[PDB]
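S.K.: My structure file input-v3.tsv, TSV, C-alpha atoms, is below:
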chain	number	residue	atom	x	y	z
A	1	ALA	CA	-4.12	-11.12	-8.61
A	2	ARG	CA	-3.33	-7.37	-8.91
A	3	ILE	CA	-0.45	-5.49	-10.52
A	4	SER	CA	1.38	-4.01	-7.61
A	5	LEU	CA	4.66	-2.61	-8.94
A	6	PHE	CA	6.42	-1.76	-12.16
A	7	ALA	CA	10.17	-2.02	-11.55
A	8	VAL	CA	13.28	-0.77	-13.35
A	9	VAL	CA	16.77	-2.11	-12.94
A	10	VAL	CA	19.31	0.65	-12.49
A	11	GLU	CA	23.10	0.81	-12.61
A	12	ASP	CA	23.14	3.82	-10.34
A	13	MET	CA	20.24	4.54	-8.03
A	14	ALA	CA	21.00	8.23	-7.52
A	15	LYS	CA	21.37	8.94	-11.24
A	16	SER	CA	18.05	7.23	-12.05
A	17	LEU	CA	16.06	8.96	-9.27
A	18	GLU	CA	17.52	12.39	-10.26
A	19	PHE	CA	15.98	11.93	-13.72
A	20	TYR	CA	12.50	10.78	-12.52
A	21	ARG	CA	12.35	13.64	-9.98
A	22	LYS	CA	12.66	16.01	-12.97
A	23	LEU	CA	9.45	14.41	-14.33
A	24	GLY	CA	7.57	15.11	-11.10
A	25	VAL	CA	7.75	11.65	-9.59
A	26	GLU	CA	7.52	11.89	-5.76
A	27	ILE	CA	10.60	10.02	-4.59
A	28	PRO	CA	11.53	9.53	-0.93
A	29	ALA	CA	14.25	11.62	0.56
A	30	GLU	CA	17.59	9.83	0.90
A	31	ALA	CA	16.60	7.02	-1.40
A	32	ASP	CA	19.91	7.43	-3.20
A	33	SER	CA	21.43	4.93	-0.73
A	34	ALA	CA	18.60	2.49	-1.16
A	35	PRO	CA	19.15	-0.88	-2.88
A	36	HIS	CA	15.44	-0.71	-3.65
A	37	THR	CA	13.28	2.41	-3.90
A	38	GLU	CA	9.54	2.89	-4.47
A	39	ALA	CA	7.38	5.84	-5.56
A	40	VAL	CA	3.58	5.81	-5.16
A	41	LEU	CA	1.28	6.32	-8.11
A	42	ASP	CA	-2.42	7.14	-8.13
A	43	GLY	CA	-4.46	4.06	-7.22
A	44	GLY	CA	-1.62	2.59	-5.17
A	45	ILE	CA	0.51	1.09	-7.90
A	46	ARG	CA	4.18	1.74	-7.34
A	47	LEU	CA	7.11	2.46	-9.54
A	48	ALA	CA	10.20	0.72	-8.19
A	49	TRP	CA	13.93	0.81	-8.74
A	50	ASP	CA	16.39	-1.96	-7.96
A	51	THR	CA	20.15	-1.74	-8.33
A	52	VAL	CA	21.94	-4.34	-10.41
A	53	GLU	CA	23.59	-5.61	-7.22
A	54	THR	CA	20.16	-6.19	-5.58
A	55	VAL	CA	18.83	-7.98	-8.59
A	56	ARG	CA	21.87	-10.25	-8.79
A	57	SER	CA	21.54	-11.28	-5.13
A	58	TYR	CA	18.59	-13.47	-6.13
A	59	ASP	CA	18.64	-13.46	-9.99
A	60	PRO	CA	22.33	-13.89	-10.71
A	61	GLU	CA	21.63	-14.56	-14.41
A	62	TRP	CA	20.97	-10.84	-14.88
A	63	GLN	CA	23.14	-9.12	-17.48
A	64	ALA	CA	22.38	-5.64	-18.81
A	65	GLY	CA	18.61	-9.24	-18.87
A	66	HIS	CA	15.43	-7.34	-18.18
A	67	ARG	CA	15.57	-3.66	-17.62
A	68	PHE	CA	12.06	-3.79	-16.19
A	69	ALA	CA	9.59	-6.11	-14.53
A	70	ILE	CA	5.89	-6.21	-13.73
A	71	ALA	CA	5.06	-7.52	-10.25
A	72	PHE	CA	1.74	-9.13	-9.43
A	73	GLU	CA	0.51	-9.60	-5.89
A	74	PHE	CA	-1.50	-12.64	-4.83
A	75	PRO	CA	-3.80	-13.10	-1.82
A	76	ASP	CA	-1.74	-15.91	-0.26
A	77	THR	CA	1.57	-17.72	-0.74
A	78	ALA	CA	0.12	-20.98	-2.06
A	79	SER	CA	-1.43	-18.98	-4.89
A	80	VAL	CA	2.03	-18.01	-6.14
A	81	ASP	CA	3.12	-21.62	-6.44
A	82	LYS	CA	-0.22	-22.44	-8.10
A	83	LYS	CA	-0.08	-19.62	-10.64
A	84	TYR	CA	3.63	-20.36	-11.34
A	85	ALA	CA	2.71	-23.97	-12.09
A	86	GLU	CA	-0.31	-22.88	-14.12
A	87	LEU	CA	1.81	-20.62	-16.31
A	88	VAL	CA	4.65	-23.08	-16.74
A	89	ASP	CA	2.59	-26.12	-17.62
A	90	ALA	CA	0.88	-23.81	-20.11
A	91	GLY	CA	4.24	-23.51	-21.88
A	92	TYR	CA	5.55	-20.21	-20.55
A	93	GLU	CA	9.15	-19.76	-19.37
A	94	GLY	CA	9.63	-20.33	-15.67
A	95	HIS	CA	12.73	-18.39	-14.75
A	96	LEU	CA	12.94	-18.84	-10.99
A	97	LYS	CA	10.70	-21.26	-9.18
A	98	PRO	CA	8.88	-20.11	-6.04
A	99	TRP	CA	11.00	-19.41	-3.00
A	100	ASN	CA	10.74	-17.67	0.39
A	101	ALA	CA	12.62	-14.42	-0.24
A	102	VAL	CA	14.77	-12.65	2.34
A	103	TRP	CA	12.57	-9.56	2.09
A	104	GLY	CA	9.50	-11.35	3.42
A	105	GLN	CA	7.57	-12.68	0.42
A	106	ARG	CA	6.82	-15.94	-1.37
A	107	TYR	CA	8.29	-15.00	-4.75
A	108	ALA	CA	8.53	-16.46	-8.22
A	109	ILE	CA	9.57	-15.23	-11.64
A	110	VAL	CA	8.27	-16.15	-15.08
A	111	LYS	CA	9.02	-14.60	-18.45
A	112	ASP	CA	6.25	-13.40	-20.81
A	113	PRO	CA	6.35	-14.26	-24.57
A	114	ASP	CA	8.62	-11.26	-25.35
A	115	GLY	CA	11.21	-12.12	-22.71
A	116	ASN	CA	9.92	-9.65	-20.09
A	117	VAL	CA	10.22	-10.48	-16.41
A	118	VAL	CA	7.04	-10.99	-14.45
A	119	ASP	CA	7.22	-11.34	-10.67
A	120	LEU	CA	4.65	-13.29	-8.72
A	121	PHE	CA	4.49	-12.64	-4.99
A	122	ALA	CA	2.65	-12.70	-1.68
A	123	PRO	CA	3.66	-11.62	1.83
A	124	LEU	CA	4.88	-14.29	4.23
A	125	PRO	CA	2.76	-14.79	7.33
B	1	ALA	CA	-11.84	18.00	19.16
B	2	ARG	CA	-13.41	14.58	19.97
B	3	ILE	CA	-12.42	11.04	19.03
B	4	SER	CA	-15.16	9.95	16.72
B	5	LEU	CA	-14.05	6.66	15.14
B	6	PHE	CA	-11.47	3.94	15.50
B	7	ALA	CA	-10.96	2.36	12.07
B	8	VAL	CA	-9.43	-0.89	10.81
B	9	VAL	CA	-8.24	-1.57	7.30
B	10	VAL	CA	-9.48	-4.89	6.00
B	11	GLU	CA	-8.59	-7.07	3.02
B	12	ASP	CA	-12.03	-8.61	3.00
B	13	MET	CA	-14.97	-6.81	4.55
B	14	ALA	CA	-17.17	-9.88	4.98
B	15	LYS	CA	-14.43	-11.94	6.66
B	16	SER	CA	-13.64	-9.13	9.13
B	17	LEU	CA	-17.28	-8.44	10.07
B	18	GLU	CA	-17.96	-12.21	10.55
B	19	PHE	CA	-15.26	-12.24	13.24
B	20	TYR	CA	-16.43	-9.08	15.12
B	21	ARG	CA	-20.06	-10.32	15.07
B	22	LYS	CA	-18.80	-13.37	17.03
B	23	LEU	CA	-17.59	-10.90	19.72
B	24	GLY	CA	-21.03	-9.31	19.99
B	25	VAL	CA	-20.38	-6.20	17.94
B	26	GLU	CA	-23.69	-4.92	16.44
B	27	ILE	CA	-22.93	-4.70	12.74
B	28	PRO	CA	-25.43	-3.54	10.12
B	29	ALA	CA	-27.13	-6.07	7.94
B	30	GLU	CA	-25.67	-6.35	4.44
B	31	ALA	CA	-22.53	-4.46	5.33
B	32	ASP	CA	-20.52	-7.17	3.60
B	33	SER	CA	-20.85	-5.18	0.35
B	34	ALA	CA	-19.85	-1.95	1.99
B	35	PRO	CA	-16.54	-0.25	1.16
B	36	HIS	CA	-16.86	1.33	4.59
B	37	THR	CA	-18.82	-0.02	7.56
B	38	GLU	CA	-19.48	1.39	11.04
B	39	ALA	CA	-20.66	-0.11	14.34
B	40	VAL	CA	-21.86	2.07	17.23
B	41	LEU	CA	-20.26	1.86	20.65
B	42	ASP	CA	-21.54	3.20	23.97
B	43	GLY	CA	-21.12	6.97	24.12
B	44	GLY	CA	-21.35	7.31	20.35
B	45	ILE	CA	-17.84	6.38	19.35
B	46	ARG	CA	-17.79	4.12	16.33
B	47	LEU	CA	-15.69	1.23	15.21
B	48	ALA	CA	-15.15	1.41	11.46
B	49	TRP	CA	-13.88	-0.84	8.70
B	50	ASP	CA	-12.47	0.27	5.37
B	51	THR	CA	-11.41	-2.03	2.56
B	52	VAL	CA	-7.92	-1.71	1.14
B	53	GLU	CA	-9.46	-0.49	-2.12
B	54	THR	CA	-11.28	2.36	-0.29
B	55	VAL	CA	-8.19	3.39	1.56
B	56	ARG	CA	-6.11	3.46	-1.62
B	57	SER	CA	-8.62	5.71	-3.41
B	58	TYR	CA	-7.33	8.62	-1.31
B	59	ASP	CA	-4.18	7.23	0.44
B	60	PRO	CA	-2.51	5.34	-2.39
B	61	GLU	CA	0.70	4.94	-0.35
B	62	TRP	CA	-1.04	2.26	1.72
B	63	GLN	CA	0.66	-1.14	1.75
B	64	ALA	CA	-0.28	-3.89	4.20
B	65	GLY	CA	0.81	0.87	6.04
B	66	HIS	CA	-1.50	1.34	8.98
B	67	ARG	CA	-3.88	-1.38	9.90
B	68	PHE	CA	-5.80	1.09	12.05
B	69	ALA	CA	-6.49	4.78	12.49
B	70	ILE	CA	-7.95	7.10	15.09
B	71	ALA	CA	-10.29	9.77	13.70
B	72	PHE	CA	-10.87	13.07	15.46
B	73	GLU	CA	-13.79	15.33	14.67
B	74	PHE	CA	-13.50	19.11	14.75
B	75	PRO	CA	-16.25	21.74	15.07
B	76	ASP	CA	-15.55	23.37	11.68
B	77	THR	CA	-13.42	22.83	8.57
B	78	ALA	CA	-10.95	25.65	9.22
B	79	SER	CA	-10.07	23.94	12.49
B	80	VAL	CA	-8.76	20.91	10.59
B	81	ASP	CA	-6.34	23.01	8.57
B	82	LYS	CA	-5.34	24.84	11.78
B	83	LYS	CA	-4.73	21.70	13.82
B	84	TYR	CA	-2.91	20.05	10.86
B	85	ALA	CA	-0.59	23.06	10.69
B	86	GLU	CA	-0.22	23.11	14.47
B	87	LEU	CA	0.86	19.47	14.55
B	88	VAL	CA	3.17	19.71	11.57
B	89	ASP	CA	5.03	22.84	12.59
B	90	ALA	CA	5.43	21.09	15.94
B	91	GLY	CA	7.50	18.45	14.12
B	92	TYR	CA	4.97	15.68	13.60
B	93	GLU	CA	4.60	13.84	10.29
B	94	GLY	CA	2.00	15.32	7.99
B	95	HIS	CA	0.94	12.50	5.71
B	96	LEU	CA	-1.84	14.05	3.65
B	97	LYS	CA	-2.54	17.74	3.79
B	98	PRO	CA	-6.14	18.92	4.22
B	99	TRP	CA	-8.49	18.32	1.34
B	100	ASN	CA	-12.24	18.32	0.60
B	101	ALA	CA	-13.01	14.59	0.50
B	102	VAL	CA	-15.55	12.99	-1.82
B	103	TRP	CA	-17.51	11.68	1.18
B	104	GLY	CA	-18.35	15.16	2.43
B	105	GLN	CA	-15.65	16.16	4.92
B	106	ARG	CA	-12.64	18.44	5.21
B	107	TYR	CA	-10.04	15.75	5.91
B	108	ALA	CA	-6.38	15.53	6.80
B	109	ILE	CA	-4.00	12.83	7.96
B	110	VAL	CA	-1.01	13.02	10.29
B	111	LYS	CA	1.08	10.25	11.78
B	112	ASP	CA	1.72	9.96	15.54
B	113	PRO	CA	5.26	9.26	16.89
B	114	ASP	CA	4.83	5.46	16.46
B	115	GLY	CA	3.74	5.68	12.83
B	116	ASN	CA	0.00	5.38	13.54
B	117	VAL	CA	-2.49	7.15	11.30
B	118	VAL	CA	-4.56	9.92	12.81
B	119	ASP	CA	-7.42	11.42	10.79
B	120	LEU	CA	-8.56	14.97	11.31
B	121	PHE	CA	-11.98	15.86	9.94
B	122	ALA	CA	-15.08	18.06	9.89
B	123	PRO	CA	-18.28	17.92	7.83
B	124	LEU	CA	-18.52	20.18	4.79
B	125	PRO	CA	-21.27	22.77	4.91
Can you dump the structure from the file as C-alpha cells?

M.R.:
Amino acid sequence: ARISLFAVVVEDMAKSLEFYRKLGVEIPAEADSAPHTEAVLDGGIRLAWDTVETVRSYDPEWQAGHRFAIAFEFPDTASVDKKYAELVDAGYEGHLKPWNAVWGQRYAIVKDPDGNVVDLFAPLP
Amino acid sequence: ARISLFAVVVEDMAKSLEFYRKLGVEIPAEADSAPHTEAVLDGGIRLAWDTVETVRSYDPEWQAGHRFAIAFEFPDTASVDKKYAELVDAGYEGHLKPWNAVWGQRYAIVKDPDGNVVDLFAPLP
C-alpha cells in the first residue's frame, strides 16, 4: 500500500484554493466549480480538496468530523476488504465498510487512534 | 525528427515482460529488475516499458494518465525547445517544458489532441 492523497474538507472550494495558490500550490484552472480538486506534489502524492457536500454524499455523519484524511492506495480491490478487516479485528475503528464507490473505486474508511480519517482504496476493473 | 520509441507504463515490469515474451518480443535477460526496459524492432524503433515509479520521478502528475507514449528524437537539443515552442504556440498542450533529464537527454512532453503523451528528446553533449 502507498499513500496517494492527503485531503482537506472545505466549506467553500474557491476560498480554500485561493489561499493555497498564494503558497505556490499548482492548482488547476477552473477548479473553483469542482466538488473535488487535486494538486500534484513531487513524487506523485496529491493534495486534495473535497467540499462538505461531496463528503456528505457518502459519509453523511460528517459534521465540521475530520477536516482531513490520508488516502492509501492498494494494488487490487480485494486488498481493501482484507486490510479493512485486518485493521478492524485488530481493534481499530471501522467507520465505513468497503463499498464500490460511484467514482470508480473499491473504498473503505477507518479511523486512526486520534480520530483521523484514513481512506483505503483501489480502482475498479 | 524520427519516431524512436513507443513506450508503455507498467505497474509491474516482470508481469508485463512475461506477456510480451509470449508474443515473441525479444526482451533482454534480467530486465525484470529494470525501471526502464527496451526491445528492438525491425528498422531500429524500440518498444519500451517504464514502471509507474520511474514515470513519477519526472512526471508526478501520472495517475493510472497515459498508459503509452510516442517518443520522437531530434538532431540536437535546441531543436527540442524549438519544436516544443512550435507545438505550444500552435495551441497544443504543453505538459512538461524542456529540461535536462537525469538520463542524459534534453526532454520535453506535449499532449496530442486525444490526450496522448508525446516525448520530444535529444541526447546531451

S.K.: Would you compute the distance between CA of residue 32 in chain A and CA of residue 92 in chain B? Give it in Å to one decimal.

M.R.: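 Distance between the two atoms: 23.9 Å.
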
S.K.: Could you produce a table of the residues of range 13-33 of chain A lying within 9 Å of range 42-61 of chain A, with the nearest pair of atoms per residue and their separation in Å rounded to one decimal, using all atoms listed in the file, ordered by chain and increasing residue number, as a tab-separated table?

M.R.:
residue	atom	partner	partner_atom	distance
A:13	CA	A:51	CA	6.3
A:16	CA	A:49	CA	8.3
A:17	CA	A:49	CA	8.4

S.K.: Given the point (23.5, 7.2, -3.5) in the coordinates of this file, which residues lie within 12 Å, counting all atoms listed in the file, and how would they look as a PDB file with C-alpha atoms, in the coordinates of the input?

M.R.:
ATOM      1  CA  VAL A  10      19.310   0.650 -12.490  1.00  0.00           C
ATOM      2  CA  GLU A  11      23.100   0.810 -12.610  1.00  0.00           C
ATOM      3  CA  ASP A  12      23.140   3.820 -10.340  1.00  0.00           C
ATOM      4  CA  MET A  13      20.240   4.540  -8.030  1.00  0.00           C
ATOM      5  CA  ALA A  14      21.000   8.230  -7.520  1.00  0.00           C
ATOM      6  CA  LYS A  15      21.370   8.940 -11.240  1.00  0.00           C
ATOM      7  CA  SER A  16      18.050   7.230 -12.050  1.00  0.00           C
ATOM      8  CA  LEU A  17      16.060   8.960  -9.270  1.00  0.00           C
ATOM      9  CA  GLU A  18      17.520  12.390 -10.260  1.00  0.00           C
ATOM     10  CA  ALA A  29      14.250  11.620   0.560  1.00  0.00           C
ATOM     11  CA  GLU A  30      17.590   9.830   0.900  1.00  0.00           C
ATOM     12  CA  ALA A  31      16.600   7.020  -1.400  1.00  0.00           C
ATOM     13  CA  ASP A  32      19.910   7.430  -3.200  1.00  0.00           C
ATOM     14  CA  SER A  33      21.430   4.930  -0.730  1.00  0.00           C
ATOM     15  CA  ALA A  34      18.600   2.490  -1.160  1.00  0.00           C
ATOM     16  CA  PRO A  35      19.150  -0.880  -2.880  1.00  0.00           C
ATOM     17  CA  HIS A  36      15.440  -0.710  -3.650  1.00  0.00           C
ATOM     18  CA  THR A  37      13.280   2.410  -3.900  1.00  0.00           C
ATOM     19  CA  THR A  51      20.150  -1.740  -8.330  1.00  0.00           C
TER      20      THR A  51
END

S.K.: What does the distance between CA of residue 97 in chain B and CA of residue 38 in chain B come to in Å, to one decimal place?

M.R.: 24.6 Å

S.K.: Give me the residues of chain A that have any atom at most 12 Å from an atom of chain B; for each, the nearest atom pair and the distance in Å, rounded to one decimal. Use all atoms listed in the file, sort by chain and number, and format it as a Markdown table.

M.R.:
| residue | atom | partner | partner_atom | distance |
| --- | --- | --- | --- | --- |
| A:2 | CA | B:53 | CA | 11.4 |
| A:4 | CA | B:63 | CA | 9.8 |
| A:5 | CA | B:63 | CA | 11.5 |
| A:26 | CA | B:61 | CA | 11.1 |
| A:27 | CA | B:61 | CA | 11.9 |
| A:28 | CA | B:61 | CA | 11.8 |
| A:38 | CA | B:61 | CA | 10.0 |
| A:39 | CA | B:61 | CA | 8.5 |
| A:40 | CA | B:61 | CA | 5.7 |
| A:41 | CA | B:60 | CA | 6.9 |
| A:42 | CA | B:60 | CA | 6.0 |
| A:43 | CA | B:60 | CA | 5.4 |
| A:44 | CA | B:60 | CA | 4.0 |
| A:45 | CA | B:60 | CA | 7.6 |
| A:46 | CA | B:61 | CA | 8.4 |
| A:47 | CA | B:61 | CA | 11.5 |
| A:73 | CA | B:63 | CA | 11.4 |
| A:74 | CA | B:11 | CA | 12.0 |
| A:75 | CA | B:11 | CA | 9.1 |
| A:76 | CA | B:11 | CA | 11.7 |
| A:122 | CA | B:64 | CA | 11.0 |
| A:123 | CA | B:64 | CA | 9.0 |
| A:124 | CA | B:64 | CA | 11.6 |
| A:125 | CA | B:64 | CA | 11.7 |

S.K.: How many Å lie between CA of residue 107 in chain A and CA of residue 78 in chain A, rounded to one decimal?

M.R.: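 Calculated distance between CA of residue 107 in chain A and CA of residue 78 in chain A is 10.5 Å.
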
S.K.: Quick one: superpose chain B onto chain A using all C-alpha atoms paired in order, least squares, and give it to me as a PDB file with C-alpha atoms, in the frame of the given file.

M.R.:
ATOM      1  CA  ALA B   1      -4.119 -11.120  -8.613  1.00  0.00           C
ATOM      2  CA  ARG B   2      -3.327  -7.365  -8.909  1.00  0.00           C
ATOM      3  CA  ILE B   3      -0.450  -5.492 -10.525  1.00  0.00           C
ATOM      4  CA  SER B   4       1.373  -4.007  -7.609  1.00  0.00           C
ATOM      5  CA  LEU B   5       4.667  -2.615  -8.939  1.00  0.00           C
ATOM      6  CA  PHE B   6       6.419  -1.763 -12.162  1.00  0.00           C
ATOM      7  CA  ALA B   7      10.171  -2.020 -11.548  1.00  0.00           C
ATOM      8  CA  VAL B   8      13.281  -0.770 -13.354  1.00  0.00           C
ATOM      9  CA  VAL B   9      16.778  -2.111 -12.942  1.00  0.00           C
ATOM     10  CA  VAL B  10      19.312   0.651 -12.497  1.00  0.00           C
ATOM     11  CA  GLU B  11      23.105   0.812 -12.612  1.00  0.00           C
ATOM     12  CA  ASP B  12      23.140   3.821 -10.341  1.00  0.00           C
ATOM     13  CA  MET B  13      20.237   4.539  -8.030  1.00  0.00           C
ATOM     14  CA  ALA B  14      21.006   8.226  -7.514  1.00  0.00           C
ATOM     15  CA  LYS B  15      21.370   8.948 -11.245  1.00  0.00           C
ATOM     16  CA  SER B  16      18.048   7.230 -12.042  1.00  0.00           C
ATOM     17  CA  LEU B  17      16.069   8.962  -9.269  1.00  0.00           C
ATOM     18  CA  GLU B  18      17.523  12.398 -10.260  1.00  0.00           C
ATOM     19  CA  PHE B  19      15.976  11.931 -13.712  1.00  0.00           C
ATOM     20  CA  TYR B  20      12.493  10.777 -12.518  1.00  0.00           C
ATOM     21  CA  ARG B  21      12.349  13.644  -9.973  1.00  0.00           C
ATOM     22  CA  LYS B  22      12.666  16.014 -12.975  1.00  0.00           C
ATOM     23  CA  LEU B  23       9.444  14.412 -14.336  1.00  0.00           C
ATOM     24  CA  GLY B  24       7.578  15.109 -11.100  1.00  0.00           C
ATOM     25  CA  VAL B  25       7.747  11.646  -9.591  1.00  0.00           C
ATOM     26  CA  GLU B  26       7.519  11.891  -5.753  1.00  0.00           C
ATOM     27  CA  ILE B  27      10.592  10.018  -4.586  1.00  0.00           C
ATOM     28  CA  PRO B  28      11.529   9.532  -0.933  1.00  0.00           C
ATOM     29  CA  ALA B  29      14.253  11.621   0.570  1.00  0.00           C
ATOM     30  CA  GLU B  30      17.593   9.832   0.899  1.00  0.00           C
ATOM     31  CA  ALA B  31      16.594   7.019  -1.406  1.00  0.00           C
ATOM     32  CA  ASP B  32      19.911   7.432  -3.197  1.00  0.00           C
ATOM     33  CA  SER B  33      21.424   4.932  -0.729  1.00  0.00           C
ATOM     34  CA  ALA B  34      18.604   2.487  -1.166  1.00  0.00           C
ATOM     35  CA  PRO B  35      19.147  -0.874  -2.882  1.00  0.00           C
ATOM     36  CA  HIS B  36      15.439  -0.718  -3.650  1.00  0.00           C
ATOM     37  CA  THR B  37      13.281   2.407  -3.899  1.00  0.00           C
ATOM     38  CA  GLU B  38       9.544   2.893  -4.473  1.00  0.00           C
ATOM     39  CA  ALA B  39       7.378   5.835  -5.562  1.00  0.00           C
ATOM     40  CA  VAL B  40       3.587   5.807  -5.154  1.00  0.00           C
ATOM     41  CA  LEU B  41       1.284   6.320  -8.110  1.00  0.00           C
ATOM     42  CA  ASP B  42      -2.430   7.133  -8.129  1.00  0.00           C
ATOM     43  CA  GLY B  43      -4.457   4.056  -7.217  1.00  0.00           C
ATOM     44  CA  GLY B  44      -1.621   2.592  -5.170  1.00  0.00           C
ATOM     45  CA  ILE B  45       0.505   1.093  -7.894  1.00  0.00           C
ATOM     46  CA  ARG B  46       4.177   1.748  -7.334  1.00  0.00           C
ATOM     47  CA  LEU B  47       7.114   2.467  -9.542  1.00  0.00           C
ATOM     48  CA  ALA B  48      10.198   0.724  -8.187  1.00  0.00           C
ATOM     49  CA  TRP B  49      13.937   0.815  -8.737  1.00  0.00           C
ATOM     50  CA  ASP B  50      16.388  -1.959  -7.959  1.00  0.00           C
ATOM     51  CA  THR B  51      20.146  -1.736  -8.332  1.00  0.00           C
ATOM     52  CA  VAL B  52      21.944  -4.336 -10.407  1.00  0.00           C
ATOM     53  CA  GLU B  53      23.593  -5.603  -7.219  1.00  0.00           C
ATOM     54  CA  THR B  54      20.165  -6.190  -5.581  1.00  0.00           C
ATOM     55  CA  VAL B  55      18.829  -7.977  -8.591  1.00  0.00           C
ATOM     56  CA  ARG B  56      21.866 -10.253  -8.792  1.00  0.00           C
ATOM     57  CA  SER B  57      21.545 -11.282  -5.131  1.00  0.00           C
ATOM     58  CA  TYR B  58      18.588 -13.474  -6.130  1.00  0.00           C
ATOM     59  CA  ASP B  59      18.634 -13.461  -9.992  1.00  0.00           C
ATOM     60  CA  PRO B  60      22.332 -13.885 -10.709  1.00  0.00           C
ATOM     61  CA  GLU B  61      21.630 -14.566 -14.406  1.00  0.00           C
ATOM     62  CA  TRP B  62      20.963 -10.849 -14.885  1.00  0.00           C
ATOM     63  CA  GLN B  63      23.141  -9.120 -17.478  1.00  0.00           C
ATOM     64  CA  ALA B  64      22.388  -5.640 -18.809  1.00  0.00           C
ATOM     65  CA  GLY B  65      18.613  -9.243 -18.875  1.00  0.00           C
ATOM     66  CA  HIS B  66      15.431  -7.345 -18.186  1.00  0.00           C
ATOM     67  CA  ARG B  67      15.573  -3.661 -17.627  1.00  0.00           C
ATOM     68  CA  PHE B  68      12.063  -3.790 -16.188  1.00  0.00           C
ATOM     69  CA  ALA B  69       9.583  -6.113 -14.534  1.00  0.00           C
ATOM     70  CA  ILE B  70       5.893  -6.213 -13.730  1.00  0.00           C
ATOM     71  CA  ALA B  71       5.062  -7.516 -10.245  1.00  0.00           C
ATOM     72  CA  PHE B  72       1.740  -9.134  -9.426  1.00  0.00           C
ATOM     73  CA  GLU B  73       0.503  -9.602  -5.889  1.00  0.00           C
ATOM     74  CA  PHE B  74      -1.503 -12.643  -4.835  1.00  0.00           C
ATOM     75  CA  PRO B  75      -3.801 -13.096  -1.819  1.00  0.00           C
ATOM     76  CA  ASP B  76      -1.743 -15.915  -0.252  1.00  0.00           C
ATOM     77  CA  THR B  77       1.573 -17.723  -0.741  1.00  0.00           C
ATOM     78  CA  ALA B  78       0.119 -20.981  -2.063  1.00  0.00           C
ATOM     79  CA  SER B  79      -1.431 -18.982  -4.890  1.00  0.00           C
ATOM     80  CA  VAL B  80       2.032 -18.010  -6.144  1.00  0.00           C
ATOM     81  CA  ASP B  81       3.124 -21.624  -6.445  1.00  0.00           C
ATOM     82  CA  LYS B  82      -0.231 -22.439  -8.099  1.00  0.00           C
ATOM     83  CA  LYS B  83      -0.082 -19.626 -10.640  1.00  0.00           C
ATOM     84  CA  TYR B  84       3.630 -20.360 -11.335  1.00  0.00           C
ATOM     85  CA  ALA B  85       2.708 -23.973 -12.090  1.00  0.00           C
ATOM     86  CA  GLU B  86      -0.311 -22.881 -14.119  1.00  0.00           C
ATOM     87  CA  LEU B  87       1.809 -20.621 -16.314  1.00  0.00           C
ATOM     88  CA  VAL B  88       4.646 -23.079 -16.735  1.00  0.00           C
ATOM     89  CA  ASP B  89       2.585 -26.123 -17.622  1.00  0.00           C
ATOM     90  CA  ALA B  90       0.879 -23.810 -20.109  1.00  0.00           C
ATOM     91  CA  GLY B  91       4.246 -23.513 -21.882  1.00  0.00           C
ATOM     92  CA  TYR B  92       5.553 -20.216 -20.554  1.00  0.00           C
ATOM     93  CA  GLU B  93       9.141 -19.763 -19.370  1.00  0.00           C
ATOM     94  CA  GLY B  94       9.623 -20.331 -15.671  1.00  0.00           C
ATOM     95  CA  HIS B  95      12.732 -18.394 -14.745  1.00  0.00           C
ATOM     96  CA  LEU B  96      12.940 -18.835 -10.985  1.00  0.00           C
ATOM     97  CA  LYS B  97      10.702 -21.259  -9.184  1.00  0.00           C
ATOM     98  CA  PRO B  98       8.887 -20.105  -6.036  1.00  0.00           C
ATOM     99  CA  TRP B  99      11.005 -19.405  -3.002  1.00  0.00           C
ATOM    100  CA  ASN B 100      10.736 -17.672   0.394  1.00  0.00           C
ATOM    101  CA  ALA B 101      12.620 -14.422  -0.242  1.00  0.00           C
ATOM    102  CA  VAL B 102      14.769 -12.654   2.336  1.00  0.00           C
ATOM    103  CA  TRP B 103      12.566  -9.549   2.088  1.00  0.00           C
ATOM    104  CA  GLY B 104       9.503 -11.347   3.417  1.00  0.00           C
ATOM    105  CA  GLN B 105       7.571 -12.678   0.419  1.00  0.00           C
ATOM    106  CA  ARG B 106       6.824 -15.933  -1.366  1.00  0.00           C
ATOM    107  CA  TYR B 107       8.288 -14.995  -4.752  1.00  0.00           C
ATOM    108  CA  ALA B 108       8.531 -16.458  -8.222  1.00  0.00           C
ATOM    109  CA  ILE B 109       9.575 -15.233 -11.644  1.00  0.00           C
ATOM    110  CA  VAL B 110       8.271 -16.150 -15.088  1.00  0.00           C
ATOM    111  CA  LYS B 111       9.016 -14.602 -18.452  1.00  0.00           C
ATOM    112  CA  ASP B 112       6.256 -13.398 -20.811  1.00  0.00           C
ATOM    113  CA  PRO B 113       6.352 -14.266 -24.563  1.00  0.00           C
ATOM    114  CA  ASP B 114       8.621 -11.259 -25.349  1.00  0.00           C
ATOM    115  CA  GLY B 115      11.208 -12.124 -22.708  1.00  0.00           C
ATOM    116  CA  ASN B 116       9.919  -9.656 -20.094  1.00  0.00           C
ATOM    117  CA  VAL B 117      10.224 -10.484 -16.410  1.00  0.00           C
ATOM    118  CA  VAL B 118       7.040 -10.989 -14.449  1.00  0.00           C
ATOM    119  CA  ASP B 119       7.223 -11.335 -10.660  1.00  0.00           C
ATOM    120  CA  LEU B 120       4.648 -13.284  -8.725  1.00  0.00           C
ATOM    121  CA  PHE B 121       4.495 -12.634  -4.994  1.00  0.00           C
ATOM    122  CA  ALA B 122       2.646 -12.700  -1.673  1.00  0.00           C
ATOM    123  CA  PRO B 123       3.654 -11.615   1.836  1.00  0.00           C
ATOM    124  CA  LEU B 124       4.873 -14.298   4.228  1.00  0.00           C
ATOM    125  CA  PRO B 125       2.760 -14.791   7.322  1.00  0.00           C
TER     126      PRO B 125
END

S.K.: So which residues touch residue 67 in chain B within 9 Å, counting only C-alpha atoms, skipping near sequence neighbours fewer than 4 positions away, as a PyMOL selection string?

M.R.: chain B and resi 7-10+116-117

S.K.: Once you count only C-alpha atoms, which residues end up no further than 8 Å from (-6.1, 19.2, 6.9) in the file's frame, shown as a list in words?

M.R.: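 Within the cut-off we find residues 80, 81, 82, 83, 84, 85, 96, 97, 98, 99, 106, 107, 108, 109, 120 and 121 of chain B.
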
S.K.: Each side padded by 4 Å, which centre and which edge lengths in Å (one decimal) define the axis-aligned box around the listed atoms of range 108-125 of chain A? Give them as lines of an AutoDock Vina configuration file.

M.R.:
center_x = 6.9
center_y = -13.1
center_z = -9.0
size_x = 16.6
size_y = 14.8
size_z = 40.7
